[PDB]
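Since the structure comes first, as structure tokens, the remarks are kept for the end.
Labels below follow one simple rule: chain letters A, B, ... track the order of the sequence lines, proteins then strands, and each chain is numbered from 1. All values below come from the heavy atoms of this structure, side chains included, with hydrogens, waters and symmetry mates left out.
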Amino acid sequence: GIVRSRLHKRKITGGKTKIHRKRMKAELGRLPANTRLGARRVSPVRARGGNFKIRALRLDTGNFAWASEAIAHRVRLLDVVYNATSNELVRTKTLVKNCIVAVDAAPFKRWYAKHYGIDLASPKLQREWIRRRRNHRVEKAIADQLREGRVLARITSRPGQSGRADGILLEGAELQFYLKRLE
Amino acid sequence: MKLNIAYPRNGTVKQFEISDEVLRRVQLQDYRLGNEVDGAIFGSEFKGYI
Amino acid sequence: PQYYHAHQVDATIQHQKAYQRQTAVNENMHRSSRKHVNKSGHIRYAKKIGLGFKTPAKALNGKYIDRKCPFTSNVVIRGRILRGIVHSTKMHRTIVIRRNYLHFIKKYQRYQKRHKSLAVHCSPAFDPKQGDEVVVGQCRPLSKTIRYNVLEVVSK
Amino acid sequence: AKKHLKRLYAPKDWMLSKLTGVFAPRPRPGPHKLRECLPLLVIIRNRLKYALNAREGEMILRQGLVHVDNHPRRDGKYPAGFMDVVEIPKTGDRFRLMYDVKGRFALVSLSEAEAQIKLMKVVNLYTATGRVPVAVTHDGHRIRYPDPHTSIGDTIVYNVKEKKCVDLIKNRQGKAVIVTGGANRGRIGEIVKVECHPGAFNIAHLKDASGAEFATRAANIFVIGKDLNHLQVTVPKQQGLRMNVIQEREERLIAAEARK
RNA sequence: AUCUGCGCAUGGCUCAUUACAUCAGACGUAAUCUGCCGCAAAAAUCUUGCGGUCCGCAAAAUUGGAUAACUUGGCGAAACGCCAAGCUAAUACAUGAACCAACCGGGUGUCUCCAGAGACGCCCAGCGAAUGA
RNA sequence: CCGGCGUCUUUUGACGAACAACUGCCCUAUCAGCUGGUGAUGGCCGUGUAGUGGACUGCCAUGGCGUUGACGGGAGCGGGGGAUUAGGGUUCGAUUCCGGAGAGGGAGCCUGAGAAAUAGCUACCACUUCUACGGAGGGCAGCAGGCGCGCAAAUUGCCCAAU
Ligand SMILES: NC[C@@H]1O[C@H](O[C@H]2[C@@H](O)[C@H](O[C@@H]3[C@@H](O)[C@H](N)C[C@H](N)[C@H]3O[C@H]3O[C@H](CO)[C@@H](O)[C@H](O)[C@H]3N)O[C@@H]2CO)[C@H](N)[C@@H](O)[C@@H]1O
Ligand SMILES: [Mg+2]
Ligand SMILES: [Mg+2]
Ligand SMILES: [Mg+2]
Ligand SMILES: [Mg+2]
Ligand SMILES: [Mg+2]
Ligand SMILES: [Mg+2]
């Protein structure tokens, strides 16, 4: 079938390699997943050793991490914003690793009110908020799009391999990199 | 056209060979598998069966 | 007081349509520990490879973002350690080294000049000119032909 | 998946004659390596003559009558190798697999107290789940809580009845080893100097009881005591001393003439 | 006789292919899969019974549905071809174990104290896997 | 009460698998340029894999190999080894052991820990057997044999007693 060998590749001299075996099963590749936005549908793939590799088709949600705060929240993917491979993969809204997506931002605001106590008053007994909040500060570009409603984020998992759409929120120079390329 | 008729309340399946003239009246291009047909299409001795 | 003032984009390294970052460490930590931060400023991943090779001045204090690099990536140097001379540096971040050896013929009691050429990945820690003698260490496949990776450059 | 050995591709230390059949009993995976073991069909039939063929040989083994390290082994293809203890309760004999100085496997007869302990060399150390540091051994054992001074090159004394690591022997300069591979296999010597060479094979220089100096790779040496007098285990009848090929050839002619 | 569990990827033949291939000596896999075999590991899971309409008292958890062989009726010239119905197993398939029975940790609301400390309550805390720190 | 087993998961040694390539290799120039649009050498995100990787999509760069014989053509499995040999050599290696490859040619798969399996499946091509014409099957480079082909190579034998 699809193979991953160098039998069809030309030599560095430019010479053709003459083939004297059949294709092996141990050198196969398989058809790509092309994971998109949509309600979750997965198909497992029986890999070597009997292990299962879960193809992701049509994913809509994942655990996205806010790395300065070292937390994650299960949020819902909204749109696919920028892809470094092609602009055609943005238009069909394919989920790959490292593509830039927008996520829900509601569990992140709610966590930022429950932890640090800052909204965008009720437990007067526990002001361990004051034990934090002094040294720590929050980047302004995060807090703008956090209250705007959707946060740009980066996919850190391989969905056709794992069947998950986990990610990380863009911070720092990495957010300021991709904000220039969009607008 | 032979016909096995089974009565699973008692088991005891028996076979009854349907004549040509009893089948020439039936259009027969309906009646695929799964259908609950009237039994009298297999001859009118099987009147009122499903 | 709530705002953090994160680092600005360093356009000298950022050329490549995706953001160039190191997978080993996060660039965006607010109170990053003294583990991976270098002398001047920024967070950096630098690794000590095995066999008594000293990491260069760059890859600790440089600014470049290299994957496939032995000092700043998950590329491990293992197996053979060899030497060659630099032949061509025309490829981007890859050199071709030349290994010249004498092949003894048992019949005619005389040697014979042969050579092997190897494509070797060259880190931006190093700038070898043609004729420079390098030390290469074997790693995983990094391309169709790259199996080795430069560890030290001996000038001229 | 190989399942057969040819009797020519079998190891030479088993001493199976080439004219008796095409095949040799391929030892299963298990404790010891295929190149470096002596499977229990060869011990029961070819070493000990308790069995005249392989059909009498599984009447012994499948019945549960041979114990390798206190546990009955019903496999004729079970790999028994170096430092293993083979008991038989019915015939009342128990043996230890050692290398003799010509490199071959030798069955050293044992007492009851000497047959409880075996000496095992660490091959890997790692941390398992929990935070339990286990020690991987050449015989395939995974001792879970070893002596905290265990390093990789060391030797653990084990006591296979009550599965408790009773002792440790570090690998240092002042110790005595037995060589379990290479040309020098079966020889016993003090350690002289260990040449490190990181990234490659450690070389260990060794001096014998007579003073014969010889070297091996340090993955081939197996430390068995604090000195050549205070060995932790009993060794075969030459005791690691390799006589000259001329002098040992003269002595057999002298012994054969003096016998008649 | 058939379900079930392993095996049939070995062995045996042949040498057509084949020159940065195969192969030999020597290395690498930290780039990885690995049944059988060896030594080990294992504290996740509100399940049963009886009574009442969700609770109570109990405890060696006495769990559930289906198929072969078989019988019956057979189709077909045949086929290492087949159909339908009726039975019945499990180490097949599916379901499922409270308390005995630990240590350790995180997030968090009332209550005795001092000018932050304790008790109690709730959510979560197993091996493996994903992502982030 | 106790002892033999048998089984999920988890983990590692072992027996392996798969990949990578340090040095080596018959003749040919009446074969001097080879590769690169449709991957050729490299780089960046991915994808795919059991995994590395132009293996593969997108994009960018302009490389890489060669008179130290590339490229193309002919001979044909590779070693251990055999024959001859004062020394240097010259030859043979289909063949028992190791490895690689194939099962009529060529694909493509399922199942499984492992197959691109062939006394497994699917299809086409070339031959091909049974039919009651509706249909159903074949795969000896396994062992005996058979016909051809040739200068040229045996028994449609007995047995698991040994390995
Ligand atoms: N040359 C091998 C490679 O083929 C690739 O391209 C190939 C494909 O585009 C295409 O190959 C197709 C293949 O896709 C398709 N799935 C099957 C088809 N048999 C192939 O076709 C090829 O093979 C057959 C038989 O040799 C020929 O008759 C046919 O003309 C030829 N184009 O034709 C090209 C080969 O001529 C790439 N160009 C490149 O990687 C490389 O050239
Ligand atoms: Mg079965
Ligand atoms: Mg030859
Ligand atoms: Mg890549
Ligand atoms: Mg062979
Ligand atoms: Mg054809
Ligand atoms: Mg034949």
Euclidean distance, C:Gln14 CD relative to C:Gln16 CD, rounded to 0.5 Å: 9.5 Å
What is the ring orientation for C:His36 with C:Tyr45, classed by angle as parallel under 30°, tilted 30 to 60°, or perpendicular over 60°? tilted
Quick one: do C:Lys144 and A:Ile12 satisfy side chain to side chain contact (heavy atoms under 4.5 Å, CB included)? Show the steps, please. CA-CA 9 Å; C:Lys144 185 174 187 291; A:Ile12 69 171; 4.3 Å; yes
Just say parallel, tilted or perpendicular for the rings of C:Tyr111 and C:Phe104, cut-offs at 30° and 60°. tilted
Around atom CZ of D:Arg172, are there more than 12 heavy atoms from other residues, nucleotides or ligands closer than 6.0 Å? no
Between the main-chain N or O of A:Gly160 and the side-chain N or O of A:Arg55, is there a donor-acceptor pair closer than 3.5 Å? yes
Whether the side chain of A:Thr61 engages the backbone of A:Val75 through a donor-acceptor N/O pair (distance < 3.5 Å, no angle test) should be reported. yes
Salt bridge check: are C:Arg21 and C:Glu27 linked by an N-O gap of less than 4.0 Å? no
Calculate, to the nearest 0.5 Å, the distance between atoms CZ and CD1 belonging to C:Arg93 and C:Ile95 respectively. 13.5 Å
Smallest heavy-atom separation, C:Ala119 atom then C:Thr145 atom, equals CB-OG1, 3.4 Å
So, A:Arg36 and A:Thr92: side-chain donor and acceptor under 3.5 Å apart, yes or no? yes
With under 30° as parallel and over 60° as perpendicular, where do the rings of D:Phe222 and D:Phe82 fit, or are they tilted in between? perpendicular
Out of curiosity, C:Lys58 NZ to C:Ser123 OG, how far, rounded to the nearest 0.5 Å? 7.5 Å
State whether the side chain of A:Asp60 and the backbone N or O of A:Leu37 hold a donor-acceptor pair below 3.5 Å, judged by distance alone. no
From CG (C:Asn100) to OG (C:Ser117), nearest 0.5 Å: 10.0 Å
Please say whether the positively charged group of A:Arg150, taken as NZ for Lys or CZ for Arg, lies over the ring of A:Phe108, i.e. under 6.0 angstrom from the six-membered ring centre and within 45 degrees of the axis. no
Taking the six-membered ring for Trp, are C:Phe126 and C:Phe71 parallel (under 30°), tilted (30 to 60°) or perpendicular (over 60°)? tilted
Say you draw a straight line from CG of C:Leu60 to NZ of C:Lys47; how long is it, rounded to the nearest 0.5 Å? 13.0 Å
Does D:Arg187 qualify as a cation-pi partner of D:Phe214, given the criterion of NZ or CZ under 6.0 Å from the six-membered ring centre and within 45 degrees of its axis? yes
Spell out, as yes or no, whether a donor-acceptor pair under 3.5 Å connects the side chain of A:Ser157 to the backbone of A:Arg164. yes
Check: C:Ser73 main-chain N/O paired with C:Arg67 side-chain donor or acceptor under 3.5 Å: no
Can A:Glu27 and A:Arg21 be counted as an ion pair, charged N to O under 4.0 angstrom? yes
Judged by atom type as modelled, is there a donor-acceptor pair below 3.5 Å linking the side chain of C:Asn28 to the main-chain atoms of A:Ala67? no
How many angstroms lie between atom CG of A:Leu152 and atom CD1 of A:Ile100, to the nearest 0.5 angstrom? 7.5 Å
Counting heavy atoms not belonging to A:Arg40, are there more than 12 under 6.0 Å from its CZ? no
Looking only at atom types and distance, does a side-chain atom of A:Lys53 sit under 3.5 Å from a main-chain N or O of A:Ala47, one as donor and one as acceptor? no
